[PDB]
Number of protein chains: 2
Amino acid sequence: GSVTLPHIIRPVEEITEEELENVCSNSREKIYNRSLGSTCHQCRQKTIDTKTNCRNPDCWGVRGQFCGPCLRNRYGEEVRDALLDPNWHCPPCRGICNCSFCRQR
Amino acid sequence: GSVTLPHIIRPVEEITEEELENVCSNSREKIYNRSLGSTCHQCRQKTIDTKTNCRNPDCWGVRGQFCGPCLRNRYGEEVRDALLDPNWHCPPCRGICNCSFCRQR
DNA sequence: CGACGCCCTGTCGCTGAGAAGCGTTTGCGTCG
DNA sequence: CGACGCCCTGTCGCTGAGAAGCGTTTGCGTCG
Ligand SMILES: [Mg+2]
Ligand SMILES: [Mg+2]
Ligand SMILES: [Zn+2]
Ligand SMILES: [Zn+2]
Ligand SMILES: [Zn+2]
Ligand SMILES: [Zn+2]
Ligand SMILES: [Zn+2]
Ligand SMILES: [Zn+2]
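Conventions we followed
- Residues numbered from 1 in each chain as written, not as in the entry; some residues may be left out.
- Chains lettered and ligands numbered in written order.
- Heavy atoms only, no water.
- Residues with missing side-chain atoms left out of burial classes, pairs and counts.
- Donors = N, O, S within 2.8 Å, 3.2 Å for Na, K, Ca; no water.
- Helix = DSSP H or I, 4+ residues; strand = E, 2+ residues; numbered from the N terminus.
- Near = heavy atom within 4 Å.
- Polar contact = N/O pair within 3.5 Å; in protein donor to acceptor, adjacent residues only side chain to side chain.
- Nonpolar A, V, L, I, M, F, W, Y, C, P; charged D, E, K, R; others polar.

The deposited coordinates for this entry were obtained by X-ray crystallography, with a reported resolution of 2.99 Å.

Taking the PDB entry as the reference, chain A is identified by name as Cell division cycle-associated protein 7 belonging to Homo sapiens. Its PDB title, taken directly from the record, is "CDCA7 (Human) Binds Non-B-form 32-mer DNA oligo Containing a 5mC".

Put into structure tokens, the structure is as follows:
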């Protein structure tokens, strides 16, 4: 698949309690799905757990999506706090992402 | 147009005398054509004058295309020398491009 | 290196991906 | 700032562009 997936900014008002209930706690408990899942930028795993929504208009693609364990262990932030933050920008947007590809550059 | 144009490596044996005869000398003498023309990376002008062919396999798109005046005035190299060089890499490939966008980063 | 044990329960490799060009576009300077 | 003159004959702005995910993928260490 060549082209870049769209990036949609979800307001904090549109975040539902069901989405917060589905924030992954342990990476071994993830459920893989090629259709309904979403891909975390850190671990590069496409799973159905709730992931962070980057709210920077300049942000693009799926770089802003992070899972529970990855955001917690690699950046000390909670996905639930990130989803409820109207001004939350992804670590790639802030230029502090430590994934195997971004730290390489 | 969203997607990236292909990059084709032309061996020095395939360079013809007609192509060398069409290397631009003065940027004011260029002929614009949206169909048959090619775009220089430095001046960002799509014209029909012969342009450099970057021979790095890792190179992609049309970043390696430079016109006569731009390569001469901005990098001190001749397009004819570049086209006849089997190991010629574009200034973006060498990370020394001084166009308005690359020097900005 | 893949079995087990520990506490802070965890993450890299490969492929193919990585714009392009039309429009407000061309060096320097006195000078009206 | 857009006419003119100079020699080394020239280049920036805007838009939309800027992957994604399956596969060889999960912290630390003694130890067989
Ligand atoms: Mg490629
Ligand atoms: Mg865009
Ligand atoms: Zn993750
Ligand atoms: Zn972002
Ligand atoms: Zn990253
Ligand atoms: Zn040019
Ligand atoms: Zn190149
Ligand atoms: Zn450049």
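Let us keep going from here.
*Asks:* Tell me what's going on with the coordination of the zinc ion (ligand 8), and back it up with residues and numbers.
*Replies:* Residue and element names in this part refer to chain B. Only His-41 (NE2), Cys-97 (SG), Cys-99 (SG) and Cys-102 (SG) from the protein coordinate the zinc ion (ligand 8), and they sit 2.0 to 2.3 Å from it. Each donor residue of the zinc ion (ligand 8) belongs to the same chain, and together they define the spacing H-x55-C-x1-C-x2-C. Here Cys-97 lies in the segment after α4 (91-94) and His-41 lies in the loop between β1 (38-39) and β2 (46-47), a separation of 56 residues in the sequence.

*Asks:* Would you mind going over the protein's contact with DNA strand D in detail, with residue names and values included?
*Replies:* Around DNA strand D sit 27 residues in total, of which A:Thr39, A:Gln45, B:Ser27, B:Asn73 and B:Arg74 are the nearest. At the protein interface, 54% of the atoms of DNA strand D within 4 Å belong to sugar or phosphate. Here A:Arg34 contributes a side-chain N or O atom positioned 3.1 Å from a phosphate oxygen of DNA strand D. Of the residues forming the surface near DNA strand D, the biggest block, 3 residues, is contributed by helix α2 (residues 68-75) of chain B.

*Asks:* Mind laying out the protein's contact with DNA strand C, listing which residues take part and the relevant values?
*Replies:* Around DNA strand C, a shell composed of 27 residues is seen, among which A:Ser27, A:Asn73, A:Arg74, B:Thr39 and B:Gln45 lie nearest. At a separation of 2.7 Å, a base oxygen of DNA strand C approaches a polar side-chain atom of B:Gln45. The dominant element in the surface near DNA strand C, judged by the number of residues it contributes, is helix α2 (residues 68-75) of chain A, at 3 residues. By residue class, the composition of the surface near DNA strand C is 5 nonpolar, 14 polar and 8 charged.

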